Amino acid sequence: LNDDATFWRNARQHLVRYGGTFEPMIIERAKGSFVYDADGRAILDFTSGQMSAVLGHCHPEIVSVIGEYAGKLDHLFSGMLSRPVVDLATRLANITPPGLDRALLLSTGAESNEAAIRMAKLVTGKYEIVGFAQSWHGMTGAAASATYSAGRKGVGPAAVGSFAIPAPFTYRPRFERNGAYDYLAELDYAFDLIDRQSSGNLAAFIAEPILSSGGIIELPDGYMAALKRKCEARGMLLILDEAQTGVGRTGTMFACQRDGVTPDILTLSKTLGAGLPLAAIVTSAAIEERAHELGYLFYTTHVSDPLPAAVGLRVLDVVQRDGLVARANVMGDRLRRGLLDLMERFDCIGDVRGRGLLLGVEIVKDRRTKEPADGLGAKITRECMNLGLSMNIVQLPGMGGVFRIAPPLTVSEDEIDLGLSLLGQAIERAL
């Protein structure tokens, strides 16, 4: 039973609490799209852990590579090169759009954004960084100063030169022109302001192609191109954070591919490691060259460590081989439509959005007022659990509770249907 009093005792006694609340169960094993409790109960992992297990839990291929290297090449002096490192660097260079040529292999999302941000500042000689007011880039320093969805308060001043602009949000529009939402005009409006406050040191813009923590907010048609150009005109880099979107999730290997806009620096993480700590940035040769010229510095313990590298490599190998990127679209379509039928039944569902297998469901009270569903979310979330479905709802100012849905690219047709089933039951029972 999950009830083990010693477990919970030691948990209460020795764990630092870092946000939210611990699920009152003890997880003992994980396989495929399922995690299992101490009673053996099976929970459908509709969030891929913390949106990382792209190939699911304990993917035989992953297992082998991990053991294959665990005992052969493990961790090395940061000045030593090895095969997995170089092969991954190359692979990344070969699968990302043209213009992205060089990679640095790290360990975490924030770490990746930090390295990117640092290189941007170096290269440009400037330091002001603009982001979305609903962004999420990490808990560390620079990453955190660019994160506006949460954590800004009670911890002192942000980094000098930090600005934000509103993100384009089609569901709840706020900027109009000739009776319509003109998300571009909004962009122009926003940048004018930026311009008026800048000190003449704009160095980069950092953005997620899809605002995950922000509520599964997809940047609408033409935006990125527009953005890009806004940067171009001001001598700024465009850093795209693809932690949740990279690696096939949204139906393309990378989200920037859909839009057809390649960034100056692209960051990867969660999905690249498939649950293990691997991260990376990829940039153009020129930028790397100038960064070098100027003595760029991003020296760590785990930069260029074989084990992870090796793992990142397998994962790409399999996504490609098993054609998971396509799959994403296919199961994505399946889940999407299923989500729409629920919306057909219940009025508490106000929006179904996302792309591929990165989907969001916005709970609302009045499907015409689009009034946030107060607590209803927690309830549903809660019944999903009782029911055996792991979910995650995000709640932000002025929006309704959002269910972030993101199963494994390896998810099965049956599991999809199964989640959809439990989701409906939880809903009806939650009302």
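All residue numbers are counted from 1 along the displayed sequence.
- As listed in the deposited structure, the average C-alpha B-factor of 177-185 and of 95-103 is greater for 177-185.
- Of the two segments examined, 256-264 and 105-113, it is 256-264 that shows the higher average Cα temperature factor in the deposited entry.
- Listed residues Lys270, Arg314, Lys121, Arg290 were ranked by CA B-factor as deposited; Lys270 comes out on top.
- Ranking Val65, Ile27, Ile43, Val402 by the C-alpha B-factor listed in the PDB entry places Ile43 at the top.
- Sort the modelled residues of the chain by CA B factor and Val394 lands in the lowest third.
- Among the modelled residues of the chain, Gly20 sits in the highest third by CA temperature factor in this PDB entry.
- For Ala274, the recorded CA B-factor ranks within the highest third of the chain. Only modelled residues enter the ranking.
- Annotation for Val411: C-alpha temperature factor in the lowest third relative to the rest of the modelled chain, per the entry.
- Compared with the other modelled residues of the chain, the Cα B-factor recorded for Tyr69 ranks in the highest third.
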